[PDB]
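**Student:** Below is a structure I'd like to ask you about.
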Protein chains: 2
Amino acid sequence: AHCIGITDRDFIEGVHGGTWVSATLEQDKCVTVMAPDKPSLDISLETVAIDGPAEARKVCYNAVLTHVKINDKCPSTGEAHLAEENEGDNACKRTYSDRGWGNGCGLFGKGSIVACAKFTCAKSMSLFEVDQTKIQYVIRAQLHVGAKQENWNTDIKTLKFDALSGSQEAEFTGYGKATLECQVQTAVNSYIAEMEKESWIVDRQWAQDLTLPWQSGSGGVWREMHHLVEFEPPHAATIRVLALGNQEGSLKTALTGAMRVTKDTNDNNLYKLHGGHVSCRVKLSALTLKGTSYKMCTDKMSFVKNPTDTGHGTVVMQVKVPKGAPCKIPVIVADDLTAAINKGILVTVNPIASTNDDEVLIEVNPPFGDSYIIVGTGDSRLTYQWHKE
Amino acid sequence: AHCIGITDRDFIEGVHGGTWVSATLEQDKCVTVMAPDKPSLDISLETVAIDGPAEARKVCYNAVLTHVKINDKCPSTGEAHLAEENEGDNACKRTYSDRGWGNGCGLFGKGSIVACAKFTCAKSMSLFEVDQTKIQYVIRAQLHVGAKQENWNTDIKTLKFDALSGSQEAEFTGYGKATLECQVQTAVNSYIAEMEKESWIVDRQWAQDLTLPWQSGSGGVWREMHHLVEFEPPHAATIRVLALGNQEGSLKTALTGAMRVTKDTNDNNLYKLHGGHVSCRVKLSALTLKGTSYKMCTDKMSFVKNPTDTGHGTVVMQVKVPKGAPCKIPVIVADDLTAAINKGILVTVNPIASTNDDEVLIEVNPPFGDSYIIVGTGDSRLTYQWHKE
């Protein structure tokens, strides 16, 4: 029934003697499956997530340079050295400066000069390895029984899947069961990138080709520090060493193209992916209809919710049954008030009210142009003039 | 103007003294860019294709076995051999059969037996290497000038791009030029799969992991033939060797979840993709309006095409200008027939008729509720009552 709440909807129609149907589930899309003498089935792809992905890399986009050491030697006096050159947490550069009288050198020419700086990563981007098998995907399933919207969540059977989890059964008490054989499609060489609270799906080759300092799994060592370090041309005894600007903006700019990932609120290790699609095969032969034996409702009913357009070309209404329960709710969509031929298509197959004062939510597809929605019979019946554009 | 023909449309609005705007171009979607005193610009992603991709592999899904040779030797008489065992075009199997009196062997036990069959691939699937750089993407650009639909294709400037092709200029004679800095997003490693006329974008790892005979680039050798060959348990001197069924169905089934590729009709090497998106930055400051000097149309005009809803919340109409050309077409959307305050938003900025009997197509966004569409002035002006739901 939840497809009504969802903008993008598709109707799968089953042929009378068939047992299986095929459905493609995209995220933020819903599918209503209809089969003759079978209750209509709403199936939708909730989330496609990955739980506990191992961290492959870290990419510093904001670096801080501290304790800059510069050593120099007059021309023809040898190469200048620093102990930091041996220190792994230091980014260094060896070069020469113009020396002579004016900078305390007895000889005019190129004098040795070396600069080292302590590299500290202020802000880095995490890169996670996504295992195809560890991919978990959740599918919501529900029937068109006549439950009020406020109850939808409690009637929705949640089907949990992982890569090759096998067929999942959705058992509805009083309506039998439907079976789902789902396969997640690996169409969506990829890392899970994380910057602060924001997450994306990136290409591995692209991420490795980023001109930025990167750190291996478990860390302890920064490679390619020179990507965030700037050495200006040397003066006689000094070199201006500067940390490059925060590359957060450039990174985000490059990431604008990329698919985004919602990090789970409760769990710091769960990552809900968008974009992915699921190919499902549904067995309906095990589905049945409740209240087939029920006598038709003859008592005065009323519209709790007037017939309203769903935006799906269908109409929903909420009918109250104060008396006569348990009973079948007679619903047709005729050409006029005289004719008794149903021209409409009932999504809520065999609507029933098990108890008195029950409010049954009914969805129906009226024909094009002018028609009349008729609920029940006799003088007490409910009528509502309708027009389909 | 072509966005009108396209279902999914988006309106980009430029701020008065700004020069650049950002647009995201998805396939089967259009974007209308509007800037004050600038002609509205329709931009859309036509095709994202790859030209001349090198063939990496071939995957046989339908094999044919011919000329079956079987050699055998009685127990304790040595191993049985065939010349075909060294022939690369032959799939072979070595095993033993139960031998003794009844099959012409003086000894009861396991006798050597070997079977070879000429392997011929009836039908195979091609796999192409897709170069990120060789990716070409085409963008259609057009202005809202007032051209009839039948002429749209001739007014559309085609902007050809490839990975790092640089900014492309779209020059419209009499309306200046617009500039586009586009970047294709390499979210869509990957092979290009081909079966008969049908093509798809597949994952490399998935394709390599297929339990089927495969051939290298510049082929002449088939590897893993056993995937399509069946050797039945041996009889005394014979083995029933049979080719396995056409795996076309299984392949297509697996391919249902994958992105599809349209092979170009004219070119056998061009492959148009169905999934990528393009991030574009558009410069509009160089765009100008034609007929700013034109005097307003004062002659009796007529509606060739009555104002019609586009489904985009806008209205299109086709106005004939028999006399007065060259002239400005006065168009406003007022509260009534008396008021002269334009409450509507004109998509066709400064509509003009350069020649007599010109039929100008005009699009405008009327305000909500009741309004009046007014074209021209005087007693000969055109009026059309409108309502926005």
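Naming scheme: A, B, ... for chains in displayed order of the structure tokens; residues 1 onward per chain; ligands 1 onward as shown.
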Starting from chain A, keep only residues with some atom at most 10 Å from an atom of chain B, counting only C-alpha atoms, and report them as a list in words.
**Tutor:** residues 24, 183, 184, 185, 186, 187, 188, 189, 190, 201, 202, 203, 204, 205, 206, 254, 255, 256, 257, 258, 259, 277, 278, 279 and 280 of chain A
**Student:** Limited to N, CA, C and O atoms, could you put the picked residues into a file as a compact mmCIF listing (two decimals), in the first residue's frame?
**Tutor:**
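Everything below was put into out_7.txt:
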```txt
# COMPACT_ATOMS: atom_id res chain seq x y z
N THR A 24 11.99 -4.76 -11.62
CA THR A 24 13.26 -4.06 -11.44
C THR A 24 13.08 -3.00 -10.37
O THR A 24 12.32 -2.05 -10.56
N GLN A 183 18.49 -10.44 -6.99
CA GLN A 183 19.90 -10.35 -7.35
C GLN A 183 20.26 -8.88 -7.45
O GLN A 183 19.65 -8.16 -8.24
N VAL A 184 21.24 -8.43 -6.64
CA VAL A 184 21.69 -7.03 -6.63
C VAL A 184 22.61 -6.82 -7.81
O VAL A 184 23.50 -7.64 -8.05
N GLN A 185 22.44 -5.72 -8.56
CA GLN A 185 23.31 -5.66 -9.72
C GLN A 185 24.55 -4.79 -9.56
O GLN A 185 24.48 -3.58 -9.34
N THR A 186 25.70 -5.48 -9.71
CA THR A 186 27.09 -5.04 -9.57
C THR A 186 27.56 -4.04 -10.67
O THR A 186 28.76 -3.80 -10.85
N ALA A 187 26.59 -3.41 -11.34
CA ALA A 187 26.83 -2.38 -12.33
C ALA A 187 27.19 -1.06 -11.63
O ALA A 187 27.75 -0.17 -12.26
N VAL A 188 26.86 -0.94 -10.33
CA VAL A 188 27.05 0.27 -9.52
C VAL A 188 28.18 0.14 -8.48
O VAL A 188 28.24 -0.84 -7.73
N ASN A 189 36.35 -1.99 -8.63
CA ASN A 189 37.05 -0.79 -9.04
C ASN A 189 36.45 0.46 -8.39
O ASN A 189 36.45 1.54 -8.99
N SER A 190 35.99 0.34 -7.14
CA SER A 190 35.37 1.46 -6.43
C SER A 190 35.74 1.56 -4.97
O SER A 190 35.85 0.54 -4.30
N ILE A 201 30.72 7.56 -3.59
CA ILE A 201 31.23 6.37 -4.26
C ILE A 201 32.17 6.85 -5.32
O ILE A 201 31.77 7.55 -6.25
N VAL A 202 33.44 6.47 -5.20
CA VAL A 202 34.44 6.93 -6.14
C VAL A 202 35.11 5.79 -6.89
O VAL A 202 35.02 4.64 -6.48
N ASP A 203 35.81 6.12 -7.98
CA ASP A 203 36.59 5.16 -8.73
C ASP A 203 37.96 5.01 -8.05
O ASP A 203 38.56 6.01 -7.64
N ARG A 204 38.45 3.77 -7.94
CA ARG A 204 39.73 3.49 -7.30
C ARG A 204 40.89 4.14 -8.04
O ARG A 204 41.72 4.80 -7.41
N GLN A 205 40.96 3.95 -9.37
CA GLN A 205 42.03 4.50 -10.19
C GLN A 205 42.10 6.01 -10.07
O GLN A 205 43.19 6.57 -9.95
N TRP A 206 40.94 6.67 -10.07
CA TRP A 206 40.86 8.11 -9.92
C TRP A 206 41.42 8.56 -8.57
O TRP A 206 42.17 9.53 -8.50
N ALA A 254 35.56 18.20 -7.47
CA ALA A 254 35.74 16.98 -8.24
C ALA A 254 34.69 15.92 -7.87
O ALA A 254 34.30 15.10 -8.71
N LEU A 255 34.22 15.97 -6.63
CA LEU A 255 33.25 15.02 -6.11
C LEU A 255 31.82 15.34 -6.47
O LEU A 255 30.94 14.50 -6.24
N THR A 256 31.56 16.54 -7.03
CA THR A 256 30.22 16.95 -7.43
C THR A 256 29.65 15.99 -8.47
O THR A 256 28.45 15.74 -8.47
N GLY A 257 30.52 15.47 -9.32
CA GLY A 257 30.09 14.54 -10.35
C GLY A 257 29.63 13.19 -9.84
O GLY A 257 28.70 12.59 -10.39
N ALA A 258 30.23 12.74 -8.74
CA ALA A 258 30.12 11.44 -8.12
C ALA A 258 28.83 11.15 -7.36
O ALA A 258 28.19 12.06 -6.83
N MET A 259 28.47 9.86 -7.29
CA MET A 259 27.30 9.43 -6.55
C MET A 259 27.57 9.60 -5.06
O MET A 259 28.69 9.38 -4.60
N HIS A 277 20.67 -0.85 -8.29
CA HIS A 277 19.37 -1.46 -8.65
C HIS A 277 19.33 -2.96 -8.41
O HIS A 277 20.36 -3.63 -8.44
N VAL A 278 18.12 -3.49 -8.14
CA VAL A 278 17.92 -4.90 -7.82
C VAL A 278 16.94 -5.59 -8.77
O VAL A 278 15.80 -5.15 -8.92
N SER A 279 17.37 -6.69 -9.37
CA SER A 279 16.49 -7.46 -10.25
C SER A 279 15.82 -8.58 -9.46
O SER A 279 16.50 -9.47 -8.95
N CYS A 280 14.48 -8.52 -9.34
CA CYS A 280 13.71 -9.49 -8.56
C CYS A 280 12.71 -10.33 -9.36
O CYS A 280 12.05 -9.83 -10.27
```
**Student:** Near stretch 69-72 of chain A, within 7 Å and counting only C-alpha atoms, which residues show up once chain neighbours fewer than 4 positions away are dropped, as a list in words?
**Tutor:** residues 80, 81, 82, 112, 113, 114, 115, 116, 117, 237 and 238 of chain A
**Student:** Write out as JSON, numbers by chain each polymer residue whose atoms come within 8 Å of residue A:326, counting only C-alpha atoms; drop sequence neighbours fewer than 4 positions from it.
**Tutor:** {"A": [294, 295, 352, 353, 354, 355, 356]}
**Student:** Go through stretch 301-368 of chain B and collect every residue that DSSP, computed from the backbone, puts in strand (DSSP E); the answer should be as a PyMOL selection string.
**Tutor:** chain B and resi 302-309+315-321+327-328+331-334+345-346+352-353+358-365
**Student:** Would you write out those residues with C-alpha atoms, as a PDB file, in the first residue's frame?
**Tutor:**
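Saved file part.pdb follows:
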```
ATOM      1  CA  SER B 302      -3.227  35.664 -35.705  1.00  0.00           C
ATOM      2  CA  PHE B 303      -2.841  32.413 -33.743  1.00  0.00           C
ATOM      3  CA  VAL B 304      -1.511  29.673 -36.004  1.00  0.00           C
ATOM      4  CA  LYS B 305      -1.323  27.512 -32.844  1.00  0.00           C
ATOM      5  CA  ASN B 306      -3.449  28.365 -29.818  1.00  0.00           C
ATOM      6  CA  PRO B 307      -1.767  28.736 -26.388  1.00  0.00           C
ATOM      7  CA  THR B 308      -1.252  25.170 -25.068  1.00  0.00           C
ATOM      8  CA  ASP B 309       0.095  23.770 -21.775  1.00  0.00           C
ATOM      9  CA  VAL B 315       2.389  27.856 -22.356  1.00  0.00           C
ATOM     10  CA  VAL B 316       3.384  27.715 -26.052  1.00  0.00           C
ATOM     11  CA  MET B 317       1.637  29.444 -28.946  1.00  0.00           C
ATOM     12  CA  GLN B 318       2.376  30.072 -32.637  1.00  0.00           C
ATOM     13  CA  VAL B 319       1.641  33.615 -33.854  1.00  0.00           C
ATOM     14  CA  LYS B 320       1.495  34.624 -37.548  1.00  0.00           C
ATOM     15  CA  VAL B 321       2.743  38.119 -38.500  1.00  0.00           C
ATOM     16  CA  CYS B 327       9.012  44.123 -35.728  1.00  0.00           C
ATOM     17  CA  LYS B 328       8.902  43.282 -32.002  1.00  0.00           C
ATOM     18  CA  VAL B 331       3.624  39.793 -25.322  1.00  0.00           C
ATOM     19  CA  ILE B 332       2.351  40.090 -21.741  1.00  0.00           C
ATOM     20  CA  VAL B 333       0.287  37.990 -19.323  1.00  0.00           C
ATOM     21  CA  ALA B 334      -2.005  40.312 -17.340  1.00  0.00           C
ATOM     22  CA  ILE B 345       7.484  35.235 -17.290  1.00  0.00           C
ATOM     23  CA  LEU B 346       8.577  35.365 -20.912  1.00  0.00           C
ATOM     24  CA  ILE B 352      10.490  39.233 -33.221  1.00  0.00           C
ATOM     25  CA  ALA B 353       9.279  38.627 -36.780  1.00  0.00           C
ATOM     26  CA  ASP B 358       6.535  34.569 -40.236  1.00  0.00           C
ATOM     27  CA  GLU B 359       5.124  32.167 -37.669  1.00  0.00           C
ATOM     28  CA  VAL B 360       6.749  32.823 -34.277  1.00  0.00           C
ATOM     29  CA  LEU B 361       6.624  30.156 -31.587  1.00  0.00           C
ATOM     30  CA  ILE B 362       6.391  31.786 -28.147  1.00  0.00           C
ATOM     31  CA  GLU B 363       6.700  30.222 -24.696  1.00  0.00           C
ATOM     32  CA  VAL B 364       5.669  32.025 -21.510  1.00  0.00           C
ATOM     33  CA  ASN B 365       5.181  31.116 -17.833  1.00  0.00           C
TER      34      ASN B 365
END
```
**Student:** So that I can see what lies close to residue B:76, please list as a PyMOL selection string the residues with an atom at most 8 Å from it, counting only C-alpha atoms and leaving out residues fewer than 2 positions away in the same chain.
**Tutor:** chain B and resi 74+78+111
**Student:** Enter the distance from atom CA of residue B:118 to atom CA of residue B:66, in Å, rounded to one decimal.
**Tutor:**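 Computing the Euclidean distance for atom CA of residue B:118 and atom CA of residue B:66 yields 5.1 Å.
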**Student:** Could you state the separation of atom CA of residue A:167 and atom CA of residue A:9 in Å, given to one decimal place?
**Tutor:**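 Separating atom CA of residue A:167 from atom CA of residue A:9 is a distance of 23.7 Å.
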**Student:** Record the distance separating atom CA of residue B:374 and atom CA of residue B:348, expressed in Å with one decimal.
**Tutor:** 14.2 Å
**Student:** Compile the contact shell of stretch 246-248 of chain A as a PyMOL selection string: residues with an atom at most 12 Å away, counting only C-alpha atoms, same-chain residues fewer than 4 positions apart removed.
**Tutor:** chain A and resi 59-64+121-125+194-196+198+210-213+227-229+252-255
**Student:** Can I get the selection written as an mmCIF file, in the first residue's frame, with N, CA, C and O atoms?
**Tutor:**
```cif
data_model
loop_
_atom_site.group_PDB
_atom_site.id
_atom_site.type_symbol
_atom_site.label_atom_id
_atom_site.label_comp_id
_atom_site.auth_asym_id
_atom_site.auth_seq_id
_atom_site.Cartn_x
_atom_site.Cartn_y
_atom_site.Cartn_z
ATOM 1 N N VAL A 59 43.529 10.217 2.590
ATOM 2 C CA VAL A 59 44.075 11.232 1.696
ATOM 3 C C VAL A 59 44.029 12.615 2.317
ATOM 4 O O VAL A 59 42.966 13.231 2.369
ATOM 5 N N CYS A 60 45.191 13.122 2.738
ATOM 6 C CA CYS A 60 45.303 14.453 3.321
ATOM 7 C C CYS A 60 45.013 15.526 2.302
ATOM 8 O O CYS A 60 45.658 15.574 1.255
ATOM 9 N N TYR A 61 44.050 16.391 2.606
ATOM 10 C CA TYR A 61 43.731 17.527 1.749
ATOM 11 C C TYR A 61 44.034 18.834 2.466
ATOM 12 O O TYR A 61 44.004 19.898 1.854
ATOM 13 N N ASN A 62 44.334 18.757 3.759
ATOM 14 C CA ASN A 62 44.747 19.924 4.512
ATOM 15 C C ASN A 62 45.938 19.581 5.386
ATOM 16 O O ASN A 62 45.798 18.820 6.338
ATOM 17 N N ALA A 63 47.110 20.142 5.055
ATOM 18 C CA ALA A 63 48.358 19.889 5.770
ATOM 19 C C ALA A 63 48.858 21.104 6.540
ATOM 20 O O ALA A 63 48.565 22.243 6.179
ATOM 21 N N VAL A 64 49.624 20.854 7.598
ATOM 22 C CA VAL A 64 50.200 21.887 8.443
ATOM 23 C C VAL A 64 51.694 21.669 8.548
ATOM 24 O O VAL A 64 52.144 20.594 8.955
ATOM 25 N N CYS A 121 49.200 16.245 9.058
ATOM 26 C CA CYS A 121 47.952 16.306 8.316
ATOM 27 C C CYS A 121 46.810 16.814 9.175
ATOM 28 O O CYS A 121 46.333 16.089 10.051
ATOM 29 N N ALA A 122 46.350 18.039 8.901
ATOM 30 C CA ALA A 122 45.238 18.641 9.629
ATOM 31 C C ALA A 122 43.937 17.928 9.295
ATOM 32 O O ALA A 122 43.222 17.521 10.209
ATOM 33 N N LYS A 123 43.633 17.759 7.999
ATOM 34 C CA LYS A 123 42.408 17.092 7.570
ATOM 35 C C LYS A 123 42.654 16.166 6.391
ATOM 36 O O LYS A 123 43.261 16.571 5.398
ATOM 37 N N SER A 124 42.159 14.924 6.499
ATOM 38 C CA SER A 124 42.299 13.901 5.469
ATOM 39 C C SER A 124 40.978 13.231 5.118
ATOM 40 O O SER A 124 40.049 13.198 5.929
ATOM 41 N N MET A 125 40.900 12.680 3.912
ATOM 42 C CA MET A 125 39.726 11.967 3.431
ATOM 43 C C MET A 125 39.937 10.454 3.530
ATOM 44 O O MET A 125 40.939 9.953 3.034
ATOM 45 N N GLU A 194 35.168 9.393 2.210
ATOM 46 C CA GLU A 194 34.564 10.099 3.336
ATOM 47 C C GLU A 194 35.328 11.362 3.722
ATOM 48 O O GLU A 194 36.511 11.307 4.058
ATOM 49 N N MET A 195 34.627 12.497 3.697
ATOM 50 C CA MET A 195 35.140 13.802 4.118
ATOM 51 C C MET A 195 34.159 14.337 5.132
ATOM 52 O O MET A 195 32.992 14.563 4.789
ATOM 53 N N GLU A 196 34.618 14.496 6.392
ATOM 54 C CA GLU A 196 33.785 14.915 7.521
ATOM 55 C C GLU A 196 32.548 14.027 7.599
ATOM 56 O O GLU A 196 32.698 12.810 7.677
ATOM 57 N N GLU A 198 30.198 13.925 5.119
ATOM 58 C CA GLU A 198 29.841 13.585 3.735
ATOM 59 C C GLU A 198 30.547 12.359 3.178
ATOM 60 O O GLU A 198 31.735 12.163 3.423
ATOM 61 N N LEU A 210 45.068 10.831 -7.538
ATOM 62 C CA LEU A 210 44.960 12.155 -6.936
ATOM 63 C C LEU A 210 46.320 12.669 -6.508
ATOM 64 O O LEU A 210 47.037 11.977 -5.776
ATOM 65 N N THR A 211 46.678 13.881 -6.963
ATOM 66 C CA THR A 211 47.960 14.506 -6.618
ATOM 67 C C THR A 211 47.916 15.053 -5.204
ATOM 68 O O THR A 211 47.953 16.269 -5.000
ATOM 69 N N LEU A 212 47.830 14.148 -4.228
ATOM 70 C CA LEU A 212 47.759 14.502 -2.828
ATOM 71 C C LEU A 212 48.442 13.477 -1.946
ATOM 72 O O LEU A 212 48.473 12.294 -2.299
ATOM 73 N N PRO A 213 48.956 13.914 -0.771
ATOM 74 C CA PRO A 213 49.559 12.965 0.177
ATOM 75 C C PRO A 213 48.566 11.884 0.616
ATOM 76 O O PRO A 213 47.424 12.200 0.956
ATOM 77 N N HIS A 227 53.011 17.094 -2.456
ATOM 78 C CA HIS A 227 51.788 17.542 -3.099
ATOM 79 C C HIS A 227 51.117 18.681 -2.344
ATOM 80 O O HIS A 227 50.361 19.449 -2.940
ATOM 81 N N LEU A 228 51.386 18.794 -1.040
ATOM 82 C CA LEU A 228 50.812 19.851 -0.216
ATOM 83 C C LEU A 228 51.899 20.766 0.359
ATOM 84 O O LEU A 228 51.628 21.529 1.280
ATOM 85 N N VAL A 229 53.129 20.691 -0.180
ATOM 86 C CA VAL A 229 54.259 21.490 0.304
ATOM 87 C C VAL A 229 54.847 22.325 -0.815
ATOM 88 O O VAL A 229 55.084 21.812 -1.909
ATOM 89 N N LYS A 252 35.856 18.558 -3.156
ATOM 90 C CA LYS A 252 34.406 18.606 -3.243
ATOM 91 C C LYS A 252 33.984 18.893 -4.680
ATOM 92 O O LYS A 252 33.065 18.242 -5.177
ATOM 93 N N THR A 253 34.680 19.838 -5.355
ATOM 94 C CA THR A 253 34.404 20.210 -6.743
ATOM 95 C C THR A 253 34.492 18.989 -7.629
ATOM 96 O O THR A 253 33.598 18.754 -8.433
ATOM 97 N N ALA A 254 35.558 18.204 -7.466
ATOM 98 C CA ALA A 254 35.745 16.984 -8.238
ATOM 99 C C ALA A 254 34.687 15.924 -7.874
ATOM 100 O O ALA A 254 34.300 15.103 -8.712
ATOM 101 N N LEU A 255 34.217 15.968 -6.629
ATOM 102 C CA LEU A 255 33.253 15.017 -6.106
ATOM 103 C C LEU A 255 31.818 15.337 -6.469
ATOM 104 O O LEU A 255 30.942 14.502 -6.238
#
```
**Student:** Run DSSP on the backbone of this structure and report the residues of stretch 187-349 of chain B it assigns to helix (DSSP H, G or I), as a list in words.
**Tutor:**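 Matching residues for helix (DSSP H, G or I) in stretch 187-349 of chain B are residues 204, 205, 206, 207, 208, 225, 226, 227, 228, 248, 249, 250, 251, 252, 253, 254 and 255 of chain B.
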**Student:** Next, the residues of the selection above should be written as a PDB file, in the first residue's frame with N, CA and C atoms.
**Tutor:**
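Done, and the output landed in out.pdb:
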```pdb
ATOM      1  N   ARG B 204      34.543  -5.455 -15.598  1.00  0.00           N
ATOM      2  CA  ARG B 204      35.638  -6.293 -16.070  1.00  0.00           C
ATOM      3  C   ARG B 204      35.788  -7.563 -15.245  1.00  0.00           C
ATOM      4  N   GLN B 205      35.835  -7.421 -13.914  1.00  0.00           N
ATOM      5  CA  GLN B 205      35.995  -8.556 -13.008  1.00  0.00           C
ATOM      6  C   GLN B 205      34.883  -9.582 -13.184  1.00  0.00           C
ATOM      7  N   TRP B 206      33.645  -9.112 -13.339  1.00  0.00           N
ATOM      8  CA  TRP B 206      32.501  -9.976 -13.554  1.00  0.00           C
ATOM      9  C   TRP B 206      32.661 -10.765 -14.863  1.00  0.00           C
ATOM     10  N   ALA B 207      33.073 -10.072 -15.936  1.00  0.00           N
ATOM     11  CA  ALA B 207      33.228 -10.684 -17.249  1.00  0.00           C
ATOM     12  C   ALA B 207      34.338 -11.719 -17.280  1.00  0.00           C
ATOM     13  N   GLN B 208      35.428 -11.453 -16.557  1.00  0.00           N
ATOM     14  CA  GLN B 208      36.561 -12.368 -16.488  1.00  0.00           C
ATOM     15  C   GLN B 208      36.212 -13.597 -15.650  1.00  0.00           C
ATOM     16  N   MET B 225      37.690 -24.440 -22.651  1.00  0.00           N
ATOM     17  CA  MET B 225      36.672 -24.994 -23.545  1.00  0.00           C
ATOM     18  C   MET B 225      35.735 -25.890 -22.748  1.00  0.00           C
ATOM     19  N   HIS B 226      36.227 -26.504 -21.649  1.00  0.00           N
ATOM     20  CA  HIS B 226      35.467 -27.447 -20.811  1.00  0.00           C
ATOM     21  C   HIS B 226      34.153 -26.899 -20.260  1.00  0.00           C
ATOM     22  N   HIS B 227      34.017 -25.567 -20.270  1.00  0.00           N
ATOM     23  CA  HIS B 227      32.829 -24.872 -19.802  1.00  0.00           C
ATOM     24  C   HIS B 227      31.642 -25.122 -20.722  1.00  0.00           C
ATOM     25  N   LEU B 228      31.894 -25.463 -21.996  1.00  0.00           N
ATOM     26  CA  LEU B 228      30.846 -25.740 -22.975  1.00  0.00           C
ATOM     27  C   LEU B 228      30.936 -27.174 -23.536  1.00  0.00           C
ATOM     28  N   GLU B 248      23.074 -18.295 -24.381  1.00  0.00           N
ATOM     29  CA  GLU B 248      22.610 -16.966 -24.761  1.00  0.00           C
ATOM     30  C   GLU B 248      21.606 -16.460 -23.734  1.00  0.00           C
ATOM     31  N   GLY B 249      20.665 -17.322 -23.368  1.00  0.00           N
ATOM     32  CA  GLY B 249      19.626 -17.007 -22.406  1.00  0.00           C
ATOM     33  C   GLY B 249      20.157 -16.639 -21.042  1.00  0.00           C
ATOM     34  N   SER B 250      21.079 -17.465 -20.513  1.00  0.00           N
ATOM     35  CA  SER B 250      21.699 -17.244 -19.203  1.00  0.00           C
ATOM     36  C   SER B 250      22.444 -15.914 -19.193  1.00  0.00           C
ATOM     37  N   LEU B 251      23.189 -15.652 -20.279  1.00  0.00           N
ATOM     38  CA  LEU B 251      23.963 -14.431 -20.454  1.00  0.00           C
ATOM     39  C   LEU B 251      23.074 -13.199 -20.450  1.00  0.00           C
ATOM     40  N   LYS B 252      22.026 -13.221 -21.281  1.00  0.00           N
ATOM     41  CA  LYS B 252      21.065 -12.137 -21.362  1.00  0.00           C
ATOM     42  C   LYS B 252      20.407 -11.914 -20.002  1.00  0.00           C
ATOM     43  N   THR B 253      20.042 -13.010 -19.302  1.00  0.00           N
ATOM     44  CA  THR B 253      19.429 -12.955 -17.975  1.00  0.00           C
ATOM     45  C   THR B 253      20.328 -12.190 -17.022  1.00  0.00           C
ATOM     46  N   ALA B 254      21.621 -12.523 -17.018  1.00  0.00           N
ATOM     47  CA  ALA B 254      22.591 -11.844 -16.170  1.00  0.00           C
ATOM     48  C   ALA B 254      22.764 -10.374 -16.591  1.00  0.00           C
ATOM     49  N   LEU B 255      22.604 -10.115 -17.897  1.00  0.00           N
ATOM     50  CA  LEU B 255      22.780  -8.791 -18.486  1.00  0.00           C
ATOM     51  C   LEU B 255      21.596  -7.852 -18.302  1.00  0.00           C
TER      52      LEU B 255
END
```
**Student:** Within 10 Å of residue B:100, counting only C-alpha atoms, which residues qualify if same-chain residues fewer than 2 places away don't, as a list in words?
**Tutor:** residues 74, 75, 97, 98, 102, 103, 104, 105, 106, 107, 108, 109, 110, 111 and 236 of chain B
**Student:** Which residues come within 8 Å of residue A:388, counting only C-alpha atoms, excluding same-chain residues fewer than 6 positions away, as a VMD selection string?
**Tutor:** chain A and resid 313 366 to 370
**Student:** For the selection you just gave me, I'd like the residues written to a file as a PDB file, in the first residue's frame, keeping N, CA and C atoms.
**Tutor:**
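Contents of again.pdb, as written:
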```pdb
ATOM      1  N   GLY A 313      -2.802   8.264 -11.402  1.00  0.00           N
ATOM      2  CA  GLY A 313      -3.971   8.023 -12.244  1.00  0.00           C
ATOM      3  C   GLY A 313      -5.015   7.199 -11.512  1.00  0.00           C
ATOM      4  N   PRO A 366     -10.009   4.471 -11.982  1.00  0.00           N
ATOM      5  CA  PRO A 366     -11.214   4.786 -12.758  1.00  0.00           C
ATOM      6  C   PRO A 366     -10.913   4.892 -14.251  1.00  0.00           C
ATOM      7  N   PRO A 367     -11.933   4.685 -15.115  1.00  0.00           N
ATOM      8  CA  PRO A 367     -11.719   4.864 -16.558  1.00  0.00           C
ATOM      9  C   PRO A 367     -11.597   6.355 -16.890  1.00  0.00           C
ATOM     10  N   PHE A 368     -11.157   6.668 -18.110  1.00  0.00           N
ATOM     11  CA  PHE A 368     -10.982   8.050 -18.544  1.00  0.00           C
ATOM     12  C   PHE A 368     -12.308   8.784 -18.729  1.00  0.00           C
ATOM     13  N   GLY A 369     -12.280  10.094 -18.516  1.00  0.00           N
ATOM     14  CA  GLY A 369     -13.454  10.943 -18.658  1.00  0.00           C
ATOM     15  C   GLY A 369     -14.353  10.903 -17.445  1.00  0.00           C
ATOM     16  N   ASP A 370     -15.665  11.013 -17.670  1.00  0.00           N
ATOM     17  CA  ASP A 370     -16.642  11.030 -16.589  1.00  0.00           C
ATOM     18  C   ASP A 370     -17.068   9.649 -16.133  1.00  0.00           C
TER      19      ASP A 370
END
```
